[PDB]
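K.L.:
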Amino acid sequence: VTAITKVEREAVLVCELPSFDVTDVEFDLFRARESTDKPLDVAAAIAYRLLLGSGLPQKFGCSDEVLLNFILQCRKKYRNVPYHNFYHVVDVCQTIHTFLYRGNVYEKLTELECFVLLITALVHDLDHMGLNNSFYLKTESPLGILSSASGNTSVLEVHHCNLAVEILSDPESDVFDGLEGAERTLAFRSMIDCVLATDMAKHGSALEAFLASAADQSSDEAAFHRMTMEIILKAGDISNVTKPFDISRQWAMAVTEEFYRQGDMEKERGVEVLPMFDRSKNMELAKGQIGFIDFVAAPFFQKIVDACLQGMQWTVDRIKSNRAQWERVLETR
Ligand SMILES: COc1ccc(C2=NN(C(C)C)C(=O)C2(C)C)cc1OCCCCOc1ccc(-c2nnn[nH]2)cc1
Ligand SMILES: [Mg+2]
Ligand SMILES: [Zn+2]
Numbered sequence: 586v587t588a589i590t591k592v593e594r595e596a597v598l599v600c601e602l603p604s605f606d607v608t609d610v611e612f613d614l615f616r617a618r619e620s621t622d623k624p625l626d627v628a629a630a631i632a633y634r635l636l637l638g639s640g641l642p643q644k645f646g647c648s649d650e651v652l653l654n655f656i657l658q659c660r661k662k663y664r665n666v667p668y669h670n671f672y673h674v675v676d677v678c679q680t681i682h683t684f685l686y687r688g689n690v691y692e693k694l695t696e697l698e699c700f701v702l703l704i705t706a707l708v709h710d711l712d713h714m715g716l717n718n719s720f721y722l723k724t725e726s727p728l729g730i731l732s733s734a735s736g737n738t739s740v741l742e743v744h745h746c747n748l749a750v751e752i753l754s755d756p757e758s759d760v761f762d763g764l765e766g767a768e769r770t771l772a773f774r775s776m777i778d779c780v781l782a783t784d785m786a787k788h789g790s791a792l793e794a795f796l797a798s799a800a801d802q803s804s805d806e807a808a809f810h811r812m813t814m815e816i817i818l819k820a821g822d823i824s825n826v827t828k829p830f831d832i833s834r835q836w837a838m839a840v841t842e843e844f845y846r847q848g849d850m851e852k853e854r855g856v857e858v859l860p861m862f863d864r865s866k867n868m869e870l871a872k873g874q875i876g877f878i879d880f881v882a883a884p885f886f887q888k889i890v891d892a893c894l895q896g897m898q899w900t901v902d903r904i905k906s907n908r909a910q911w912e913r914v915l916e917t918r
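Structure follows, in structure tokens:
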């Protein structure tokens, strides 16, 4: 990958972020973007700041300069789509920071594991084009065909891991370079395992496996740590409904537009479009959000909080608050 110029780093290093506490659960990335004309640089400074304030990169021999190089190499590989862009993964990074440090999930993991999660947040959607796995498979696209031939349904998640490995193979962006032996191996394996676990087709089984490990005092310890990392990355990924309503809404708008574009490309290729992806049916945002809350997010968050992540209670409270606020949009429509 072409290296990161002295210019690009300074461009990020000057953003001062007046008014913002990046470690806060009520932090607003939409307002951060809008507060300058160089949103990409602001996003990179949020990432950078979050990583330094954690104290983690320094402990694992990752200099300030290598960190920032990695962040900018990730940025370069995110596309200009509505939802799955660099803002999404900075969001996931920031959110996982809050689950670790304000939800006390750090108590369940080593420092190395916390560092790997924060890093993995930034790689976990590399080069997303705004189309899901399903699009690639049922259009018999080249990546679809390659995944089907190699016995793998997680079309995109495999692609994300490949690009992550490229970035890390350059020592000037290898945030794991200061590791050795089993620690370096664990960083790679856990990064890759987490990214593979974000495939939503695996949602139920990854959740069941996490809960089964947590309920069991004789669970293998390495496996529990691993499942917890996976569950946290997944939690960060479906975390939009745990945010202040206005933030949550703006996320739901961006996702909806992305799904609609896929539905338009499906239409053009003469393949099945799902209701949700269909721009014509215009199914209301609010019922969408309530449905997502009822069938996916509330059960997920309630079950992991109950099972062992007690400090993440606020997520369940904010989901309830948001559901009730969507009902008030319905009741007064
Ligand atoms: C901001 O709101 C959303 C954020 C993320 C998502 C996603 N859902 N999915 C699908 C595959 C489950 C994804 O891959 C991501 C993570 C992008 C959806 C969001 O809300 C959009 C609202 C559209 C309606 O959403 C649903 C989705 C699933 C169900 C359902 N019913 N039964 N089982 N699942 C209902 C509504
Ligand atoms: Mg993804
Ligand atoms: Zn994601």
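The sequence shown lines up with residues 586 to 918 when you count with the authors' numbering.
Think of the CB as a built atom: it goes at the ideal place given N, C-alpha and C, for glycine as much as any other residue.
What residues sit near ligand 2, counting only those whose C-beta is closer than 7 Å to one of its heavy atoms, in chain order?
P.N.:
In chain order, the hits are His669, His709, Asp710, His713, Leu741, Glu742, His745, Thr783, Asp822.
K.L.:
Give a single yes or no on whether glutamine 874 has its beta carbon closer than 7 Å to a heavy atom of ligand 4.
P.N.:
Among the ligands modelled here, namely ligand 1, ligand 2 and ligand 3, ligand 4 does not occur.
K.L.:
In chain order, which continuous runs of the alpha helix (DSSP H) of length 4 or greater are located wholly inside the segment 598 to 685?
P.N.:
Qualifying alpha helix (DSSP H) stretches, in chain order: 614 to 619, 624 to 638, 641 to 644, 649 to 661.
K.L.:
One question on the structure: do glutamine 835 and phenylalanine 615 come within less than 8 Å of each other, judged by their Cβ atoms?
P.N.:
Cβ distance < 8 Å, so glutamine 835 and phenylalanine 615 count as in contact.
K.L.:
With distance defined between alpha-carbon atoms, name the residue in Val840, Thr813, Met814 nearest to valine 826.
P.N.:
Checking every option, the nearest Cα to that of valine 826 belongs to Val840.
K.L.:
Output the distance between the C-alpha atoms of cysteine 659 and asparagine 665, rounded to the nearest integer angstrom.
P.N.:
When rounded, the distance between both Cα atoms is 13 Å.
K.L.:
Alpha carbon to alpha carbon, how far is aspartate 784 from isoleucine 777? Give it in angstroms, no decimals.
P.N.:
Distance between the alpha carbons of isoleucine 777 and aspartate 784: 12 Å.
K.L.:
Could you have a look at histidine 788 and say whether DSSP puts it in helix, strand or coil?
P.N.:
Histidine 788 falls in the helix class under three-state DSSP.
K.L.:
Starting from residue 919 and walking both ways along the alpha helix (DSSP H), at which residues does that stretch end?
P.N.:
In the structure as shown, the chain starts at 586 and stops at 918, and residue 919 therefore has no counterpart that could be examined.
K.L.:
Tell me, to the nearest whole angstrom, how far the beta carbon of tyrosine 663 is from that of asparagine 670; I am working on the premise that it is less than 8 Å.
P.N.:
Confirmed, about 5 Å.
K.L.:
What's the C-alpha gap between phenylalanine 773 and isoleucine 681?
P.N.:
Going by the C-alpha atoms only, they are around 19 Å apart.
K.L.:
Judging by CA-CA distance, which residue of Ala767, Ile817, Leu707 is the nearest neighbour of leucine 748?
P.N.:
Per the Cα distances, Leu707.
K.L.:
Do the segment 904 to 914 and the segment 844 to 864 meet, that is, are 3 or more Cβ pairs less than 8 Å apart?
P.N.:
Because the criterion of three Cβ pairs below 8 Å is not met, the segment 904 to 914 and the segment 844 to 864 do not touch.
K.L.:
Measuring straight from C-alpha to C-alpha, what distance separates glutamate 595 and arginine 634?
P.N.:
Looking at the two C-alpha atoms, the distance is approximately 14 Å.
K.L.:
With a threshold of 8 Å on Cβ separation, who are the neighbours of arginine 811 within its own chain once the five nearest residues in sequence on each side are excluded?
P.N.:
Cβ within range, chain order: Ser775, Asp778.
K.L.:
Please name the residue, chosen from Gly715, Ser735, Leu731, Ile889, that lies closest to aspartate 849 on a Cα-to-Cα basis.
P.N.:
When each option's Cα is compared against that of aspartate 849, the closest is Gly715.
K.L.:
Just verifying my parser: in three-state terms, what is the DSSP assignment at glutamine 802?
P.N.:
Coil, per DSSP.
K.L.:
Taking DSSP as the reference, what is the three-state secondary structure of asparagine 718?
P.N.:
Residue state, collapsed to three classes: helix.
K.L.:
In whole angstroms, give me the CA-to-CA distance for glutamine 895 and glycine 688.
P.N.:
Rounded to whole angstroms, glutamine 895 to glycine 688 spans 8 Å at the Cα level.
K.L.:
Check for me: the alpha helix (DSSP H) holding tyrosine 845 runs from which residue to which?
P.N.:
Its alpha helix (DSSP H) spans residues 830 to 854.
K.L.:
Hey, is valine 677 close to ligand 3, as in C-beta under 7 Å from one of its heavy atoms?
P.N.:
Because some heavy atom of ligand 3 lies under 7 Å away, the Cβ of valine 677 counts as near it: yes.
K.L.:
Please work out which residues of its chain come closer than 8 Å, Cβ to Cβ, to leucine 818, disregarding the five sequence neighbours upstream and downstream, and give them in chain order.
P.N.:
If we look at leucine 818 and ignore the five residues flanking it on each side, its Cβ neighbours are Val677, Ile681, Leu702, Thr705, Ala706, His709, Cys779, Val780, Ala782, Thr783.
K.L.:
What three-state label does DSSP hand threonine 590 in the structure shown?
P.N.:
Of the three classes helix, strand and coil, the one that applies to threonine 590 here is coil, per DSSP.
K.L.:
Using only the alpha-carbon positions, how far apart do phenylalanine 809 and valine 750 sit?
P.N.:
The straight-line gap from Cα to Cα measures roughly 25 Å.
K.L.:
Going straight from the alpha carbon of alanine 767 to that of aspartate 805, what length do you get?
P.N.:
So the alpha carbons of these two residues sit roughly 18 Å apart.
K.L.:
Reducing DSSP to helix, strand and coil, say where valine 760 ends up.
P.N.:
Note: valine 760 maps to coil in three-state DSSP.
K.L.:
Does ligand 3 have even one heavy atom less than 7 Å from the beta-carbon of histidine 673?
P.N.:
True, at least one ligand heavy atom lies under 7 Å from that Cβ.
K.L.:
Would you decide whether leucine 915 is buried or exposed? Buried here means 16 or more other CB atoms lie within 10 Å of its CB.
P.N.:
By the neighbour-count rule (16 or more Cβ atoms within 10 Å), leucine 915 is not buried but exposed.
K.L.:
Is it true that the CB of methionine 814 sits closer than 8 Å to the CB of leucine 694?
P.N.:
Yes; because the gap between Cβ atoms is below 8 Å, this pair is in contact.
K.L.:
Is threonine 608 near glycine 640, with beta carbons less than 8 Å apart?
P.N.:
Going by C-beta atoms, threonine 608 is not nearer than 8 Å to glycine 640.
K.L.:
For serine 798, count the other beta carbons within 10 Å of its own beta carbon; 16 or more makes it buried, fewer makes it exposed. Which is it?
P.N.:
Under this definition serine 798 is a buried residue.
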